[PDB]
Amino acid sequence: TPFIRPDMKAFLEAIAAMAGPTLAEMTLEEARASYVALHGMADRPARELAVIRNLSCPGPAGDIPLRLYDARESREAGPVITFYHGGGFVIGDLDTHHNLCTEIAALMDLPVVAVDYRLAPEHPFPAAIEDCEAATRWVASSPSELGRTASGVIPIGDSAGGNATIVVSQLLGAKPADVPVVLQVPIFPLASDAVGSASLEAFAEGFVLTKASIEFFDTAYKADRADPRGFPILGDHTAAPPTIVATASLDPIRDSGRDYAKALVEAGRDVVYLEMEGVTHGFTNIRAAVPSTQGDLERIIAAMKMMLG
(Lines of atoms letter the chains of each structure in order from A and count residues from 1; the text may use other names and numbers.)
(Lines give C-alpha, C1' and ligand atoms only; values in the text may rest on other atoms or scores of the structure.)
Protein backbone atom coordinates (compact mmCIF):
# COMPACT_ATOMS: atom_id res chain seq x y z
CA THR A 1 0.00 0.00 0.00
CA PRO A 2 1.03 3.67 -0.29
CA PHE A 3 2.61 5.39 2.68
CA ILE A 4 0.13 7.30 4.87
CA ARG A 5 1.12 9.20 8.01
CA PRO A 6 -0.64 7.90 11.15
CA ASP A 7 -2.35 11.24 11.85
CA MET A 8 -3.40 11.47 8.18
CA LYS A 9 -4.77 7.93 8.38
CA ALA A 10 -6.88 8.74 11.45
CA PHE A 11 -8.48 11.65 9.57
CA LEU A 12 -9.20 9.46 6.54
CA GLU A 13 -10.87 6.85 8.79
CA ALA A 14 -13.09 9.52 10.36
CA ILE A 15 -14.08 10.80 6.91
CA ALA A 16 -14.96 7.22 6.00
CA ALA A 17 -16.97 6.92 9.25
CA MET A 18 -18.85 10.16 8.49
CA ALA A 19 -19.84 8.74 5.09
CA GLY A 20 -22.76 10.84 3.76
CA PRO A 21 -23.72 12.12 0.32
CA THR A 22 -21.35 13.07 -2.47
CA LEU A 23 -21.06 16.70 -3.60
CA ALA A 24 -23.22 15.94 -6.63
CA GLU A 25 -25.97 14.49 -4.42
CA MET A 26 -26.12 17.62 -2.26
CA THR A 27 -27.65 20.91 -3.23
CA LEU A 28 -25.05 23.48 -4.20
CA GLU A 29 -25.63 25.37 -0.96
CA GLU A 30 -25.17 22.14 1.01
CA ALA A 31 -21.99 21.29 -0.92
CA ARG A 32 -20.51 24.70 -0.16
CA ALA A 33 -21.59 24.51 3.47
CA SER A 34 -19.94 21.10 3.86
CA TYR A 35 -16.59 22.62 2.82
CA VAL A 36 -16.97 25.45 5.32
CA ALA A 37 -17.69 22.89 8.04
CA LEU A 38 -14.77 20.59 7.18
CA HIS A 39 -12.20 23.39 7.25
CA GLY A 40 -13.88 24.90 10.30
CA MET A 41 -13.29 21.72 12.27
CA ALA A 42 -10.00 20.59 10.67
CA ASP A 43 -7.80 23.67 10.45
CA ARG A 44 -5.82 25.50 13.07
CA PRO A 45 -7.36 28.73 14.36
CA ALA A 46 -6.74 32.13 12.85
CA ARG A 47 -3.63 34.03 13.81
CA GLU A 48 -4.15 37.40 15.44
CA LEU A 49 -3.08 40.13 13.03
CA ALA A 50 -2.86 43.91 13.02
CA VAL A 51 -4.99 44.19 9.86
CA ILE A 52 -7.88 42.00 8.57
CA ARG A 53 -9.97 44.27 6.29
CA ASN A 54 -12.64 43.57 3.63
CA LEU A 55 -12.05 45.58 0.38
CA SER A 56 -13.25 45.31 -3.22
CA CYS A 57 -11.90 46.22 -6.63
CA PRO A 58 -13.47 46.65 -10.06
CA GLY A 59 -13.74 43.62 -12.27
CA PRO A 60 -15.17 42.68 -15.66
CA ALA A 61 -18.48 41.50 -14.23
CA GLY A 62 -18.74 43.93 -11.32
CA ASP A 63 -16.91 44.49 -8.08
CA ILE A 64 -14.71 41.68 -6.75
CA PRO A 65 -14.66 41.22 -2.95
CA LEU A 66 -11.21 40.95 -1.41
CA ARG A 67 -9.72 40.50 2.06
CA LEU A 68 -6.44 42.01 3.19
CA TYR A 69 -4.35 40.33 5.87
CA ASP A 70 -1.29 42.02 7.34
CA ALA A 71 0.70 41.45 10.52
CA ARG A 72 1.70 45.15 10.36
CA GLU A 73 -0.50 48.24 10.55
CA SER A 74 2.01 50.09 8.39
CA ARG A 75 4.75 48.80 6.15
CA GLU A 76 7.12 49.87 3.42
CA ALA A 77 6.86 48.91 -0.23
CA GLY A 78 7.51 45.24 -0.93
CA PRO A 79 5.91 42.20 -2.56
CA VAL A 80 2.23 41.50 -1.92
CA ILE A 81 0.82 37.99 -1.85
CA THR A 82 -2.35 37.48 -3.93
CA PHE A 83 -4.20 34.36 -2.80
CA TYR A 84 -6.85 32.32 -4.63
CA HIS A 85 -8.68 29.69 -2.61
CA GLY A 86 -9.36 26.11 -3.63
CA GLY A 87 -12.70 24.40 -4.13
CA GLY A 88 -12.84 23.29 -7.75
CA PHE A 89 -14.01 26.78 -8.85
CA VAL A 90 -17.39 25.73 -7.35
CA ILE A 91 -17.01 25.88 -3.55
CA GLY A 92 -14.92 27.80 -1.05
CA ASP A 93 -14.88 31.47 -0.20
CA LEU A 94 -12.96 34.01 1.87
CA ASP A 95 -13.85 32.15 5.08
CA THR A 96 -12.96 28.59 4.08
CA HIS A 97 -9.32 29.66 3.67
CA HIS A 98 -9.27 32.52 6.16
CA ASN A 99 -7.18 30.83 8.84
CA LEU A 100 -4.62 29.67 6.25
CA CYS A 101 -4.37 33.26 4.97
CA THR A 102 -3.74 34.57 8.49
CA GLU A 103 -1.00 31.92 8.83
CA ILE A 104 0.64 32.85 5.53
CA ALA A 105 0.55 36.52 6.54
CA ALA A 106 1.96 35.85 10.02
CA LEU A 107 4.73 33.49 8.87
CA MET A 108 5.77 35.46 5.77
CA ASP A 109 5.53 38.94 7.30
CA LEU A 110 4.05 40.12 4.02
CA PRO A 111 0.53 41.37 3.23
CA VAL A 112 -1.91 38.86 1.77
CA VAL A 113 -4.92 39.79 -0.39
CA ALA A 114 -7.42 36.94 -0.83
CA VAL A 115 -9.77 37.06 -3.81
CA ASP A 116 -13.48 36.17 -3.57
CA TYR A 117 -13.74 35.20 -7.23
CA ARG A 118 -16.93 34.23 -9.04
CA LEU A 119 -17.89 30.57 -8.80
CA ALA A 120 -19.36 27.97 -11.07
CA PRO A 121 -21.83 26.65 -12.04
CA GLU A 122 -23.43 30.09 -11.77
CA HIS A 123 -20.35 31.65 -13.44
CA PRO A 124 -18.61 29.08 -15.61
CA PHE A 125 -15.07 29.15 -16.91
CA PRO A 126 -13.28 31.58 -17.25
CA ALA A 127 -15.08 33.72 -14.65
CA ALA A 128 -12.84 32.66 -11.76
CA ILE A 129 -9.73 33.46 -13.82
CA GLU A 130 -11.12 36.85 -14.91
CA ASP A 131 -11.56 37.85 -11.28
CA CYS A 132 -8.24 36.46 -10.05
CA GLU A 133 -6.41 38.26 -12.85
CA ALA A 134 -8.27 41.55 -12.35
CA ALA A 135 -7.72 41.54 -8.59
CA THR A 136 -4.03 40.70 -9.00
CA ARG A 137 -3.53 43.52 -11.52
CA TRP A 138 -5.38 45.84 -9.13
CA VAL A 139 -3.13 44.93 -6.19
CA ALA A 140 -0.12 45.30 -8.48
CA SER A 141 -1.18 48.93 -9.13
CA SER A 142 -0.73 49.96 -5.45
CA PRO A 143 -4.19 51.49 -5.08
CA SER A 144 -4.70 53.85 -2.16
CA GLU A 145 -7.49 51.65 -0.74
CA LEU A 146 -4.91 48.90 -0.20
CA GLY A 147 -2.71 51.03 2.03
CA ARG A 148 0.40 49.12 0.94
CA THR A 149 2.71 49.67 -1.98
CA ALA A 150 3.47 46.60 -4.06
CA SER A 151 6.93 46.24 -5.58
CA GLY A 152 5.87 42.88 -7.03
CA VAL A 153 3.13 40.33 -6.57
CA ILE A 154 3.21 36.73 -5.39
CA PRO A 155 0.31 34.62 -6.72
CA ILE A 156 -0.48 31.66 -4.47
CA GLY A 157 -3.38 29.28 -4.18
CA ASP A 158 -4.45 25.75 -3.45
CA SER A 159 -6.04 23.30 -5.92
CA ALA A 160 -8.28 25.34 -8.24
CA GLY A 161 -6.46 28.30 -6.68
CA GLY A 162 -3.17 26.74 -7.77
CA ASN A 163 -4.58 26.46 -11.28
CA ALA A 164 -5.47 30.16 -11.02
CA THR A 165 -1.99 30.93 -9.70
CA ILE A 166 -0.37 29.56 -12.85
CA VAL A 167 -2.90 31.10 -15.24
CA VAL A 168 -2.58 34.52 -13.61
CA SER A 169 1.20 34.33 -13.84
CA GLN A 170 0.97 33.43 -17.53
CA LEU A 171 -1.54 36.24 -18.23
CA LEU A 172 0.63 38.82 -16.46
CA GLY A 173 3.71 37.42 -18.19
CA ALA A 174 2.08 38.07 -21.56
CA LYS A 175 0.69 41.50 -20.58
CA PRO A 176 2.48 42.84 -17.53
CA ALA A 177 0.83 44.49 -14.58
CA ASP A 178 2.39 47.57 -12.99
CA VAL A 179 4.90 45.34 -11.13
CA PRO A 180 6.11 41.83 -11.98
CA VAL A 181 5.19 38.45 -10.59
CA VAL A 182 8.30 37.84 -8.46
CA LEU A 183 7.31 34.34 -7.28
CA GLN A 184 4.34 32.01 -7.84
CA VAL A 185 3.29 29.25 -5.41
CA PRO A 186 0.80 26.79 -6.95
CA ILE A 187 -0.18 24.32 -4.22
CA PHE A 188 -1.54 20.92 -5.35
CA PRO A 189 -2.58 22.64 -8.56
CA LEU A 190 -4.50 21.42 -11.57
CA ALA A 191 -2.14 22.20 -14.44
CA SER A 192 -2.64 19.37 -16.90
CA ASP A 193 -5.84 17.38 -17.28
CA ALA A 194 -5.91 14.70 -14.59
CA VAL A 195 -8.03 12.35 -16.69
CA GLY A 196 -5.91 9.36 -17.60
CA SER A 197 -3.23 10.06 -14.99
CA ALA A 198 -1.95 7.26 -12.80
CA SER A 199 -2.55 9.29 -9.63
CA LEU A 200 -6.22 9.86 -10.51
CA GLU A 201 -6.81 6.10 -10.72
CA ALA A 202 -4.68 5.27 -7.66
CA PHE A 203 -6.35 7.83 -5.39
CA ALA A 204 -9.83 8.00 -6.89
CA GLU A 205 -11.51 7.14 -3.55
CA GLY A 206 -10.64 7.47 0.15
CA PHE A 207 -8.14 10.35 -0.07
CA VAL A 208 -10.42 13.38 0.75
CA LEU A 209 -10.46 14.69 -2.87
CA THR A 210 -12.28 12.00 -4.90
CA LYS A 211 -12.57 11.38 -8.59
CA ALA A 212 -16.32 11.95 -8.14
CA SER A 213 -15.71 15.45 -6.76
CA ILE A 214 -13.24 16.23 -9.57
CA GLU A 215 -15.94 15.27 -12.12
CA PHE A 216 -18.58 17.32 -10.26
CA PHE A 217 -16.37 20.42 -10.37
CA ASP A 218 -15.50 19.82 -14.02
CA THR A 219 -19.17 19.60 -15.06
CA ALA A 220 -19.88 22.85 -13.26
CA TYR A 221 -16.90 24.89 -14.41
CA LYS A 222 -16.74 23.72 -18.03
CA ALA A 223 -13.11 24.57 -18.79
CA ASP A 224 -12.11 23.96 -22.41
CA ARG A 225 -9.43 21.27 -22.64
CA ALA A 226 -7.63 23.21 -25.39
CA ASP A 227 -7.64 26.55 -23.55
CA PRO A 228 -4.44 27.33 -21.60
CA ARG A 229 -6.57 29.36 -19.16
CA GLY A 230 -8.25 26.07 -18.23
CA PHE A 231 -5.18 23.81 -18.43
CA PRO A 232 -2.09 25.99 -18.11
CA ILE A 233 0.28 23.11 -18.86
CA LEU A 234 -0.59 24.25 -22.42
CA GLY A 235 0.77 27.75 -21.89
CA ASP A 236 4.17 29.21 -22.69
CA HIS A 237 6.61 28.35 -19.90
CA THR A 238 9.70 30.04 -21.35
CA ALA A 239 9.41 33.14 -19.16
CA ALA A 240 7.68 31.58 -16.13
CA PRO A 241 8.54 33.42 -12.91
CA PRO A 242 10.37 31.70 -10.04
CA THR A 243 8.06 28.95 -8.87
CA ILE A 244 7.39 26.68 -5.92
CA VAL A 245 5.15 23.70 -6.80
CA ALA A 246 3.86 21.81 -3.75
CA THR A 247 1.99 18.53 -4.17
CA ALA A 248 0.74 15.70 -1.97
CA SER A 249 1.82 12.12 -2.50
CA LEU A 250 -1.71 10.78 -1.99
CA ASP A 251 -3.41 13.29 -4.31
CA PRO A 252 -5.41 12.07 -7.34
CA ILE A 253 -4.16 15.24 -9.14
CA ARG A 254 -0.60 14.83 -7.87
CA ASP A 255 0.66 13.95 -11.35
CA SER A 256 -0.72 17.23 -12.73
CA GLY A 257 1.62 19.06 -10.37
CA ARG A 258 4.52 16.78 -11.32
CA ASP A 259 3.78 17.56 -14.98
CA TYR A 260 3.91 21.32 -14.41
CA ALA A 261 7.19 21.26 -12.49
CA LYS A 262 8.71 19.03 -15.18
CA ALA A 263 7.60 21.51 -17.84
CA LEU A 264 9.29 24.39 -16.02
CA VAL A 265 12.58 22.47 -15.73
CA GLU A 266 12.22 21.55 -19.42
CA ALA A 267 11.97 25.29 -20.18
CA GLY A 268 14.99 26.12 -17.96
CA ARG A 269 12.99 27.93 -15.27
CA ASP A 270 13.87 28.02 -11.56
CA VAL A 271 11.51 25.79 -9.61
CA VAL A 272 11.28 24.16 -6.19
CA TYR A 273 9.29 20.92 -6.33
CA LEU A 274 8.04 19.65 -2.94
CA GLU A 275 5.89 16.52 -2.74
CA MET A 276 4.65 16.07 0.82
CA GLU A 277 4.82 12.39 1.69
CA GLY A 278 1.94 10.55 3.31
CA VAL A 279 -0.66 13.34 3.19
CA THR A 280 -3.56 14.15 0.94
CA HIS A 281 -4.85 16.93 -1.22
CA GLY A 282 -5.92 19.83 0.95
CA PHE A 283 -3.25 19.46 3.62
CA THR A 284 -2.91 23.24 3.97
CA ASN A 285 -6.34 23.49 5.63
CA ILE A 286 -6.39 20.48 7.99
CA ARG A 287 -3.57 21.61 10.25
CA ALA A 288 -5.42 20.89 13.55
CA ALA A 289 -6.99 17.57 12.62
CA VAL A 290 -3.73 16.32 11.08
CA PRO A 291 -1.09 18.19 13.09
CA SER A 292 1.85 17.08 10.93
CA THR A 293 0.50 19.20 8.07
CA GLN A 294 1.49 22.40 9.87
CA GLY A 295 5.09 21.37 9.16
CA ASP A 296 4.25 20.79 5.49
CA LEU A 297 2.95 24.36 5.28
CA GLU A 298 6.05 25.60 7.11
CA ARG A 299 8.29 23.95 4.49
CA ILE A 300 6.46 25.83 1.72
CA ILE A 301 6.92 29.02 3.74
CA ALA A 302 10.68 28.38 4.09
CA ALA A 303 10.95 27.71 0.35
CA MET A 304 9.11 30.98 -0.35
CA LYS A 305 11.51 32.97 1.83
CA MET A 306 14.49 31.36 0.12
CA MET A 307 13.18 32.02 -3.38
CA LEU A 308 12.47 35.66 -2.49
CA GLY A 309 16.04 36.24 -1.28
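All residue numbers are counted from 1 along the displayed sequence.
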Going by the average Cα B-factor in the PDB entry, point out whether 50-58 or 34-42 comes out higher.
50-58
Of 278-286 and 66-74, which one has the bigger average CA B-factor?
66-74
Using the entry's values, work out which of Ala150, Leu119, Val167, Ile154 has the largest Cα B factor.
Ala150
Among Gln184, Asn163, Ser142, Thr136, where is the Cα temperature factor highest, going by the PDB entry?
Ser142
Within this chain, which third does the Cα B-factor at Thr293 fall in: lowest, middle or highest?
lowest
Comparing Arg225 with the other modelled residues of its chain, is its CA B-factor in the lowest, middle or highest third?
highest
Assigned third (lowest, middle, highest) for the C-alpha B factor of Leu172:
middle
Sorting the chain's CA B-factors, does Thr243 end up in the lowest, middle or highest third?
lowest
Split the chain's modelled residues into thirds by Cα B-factor; is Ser249 in the lowest, middle or highest one?
lowest
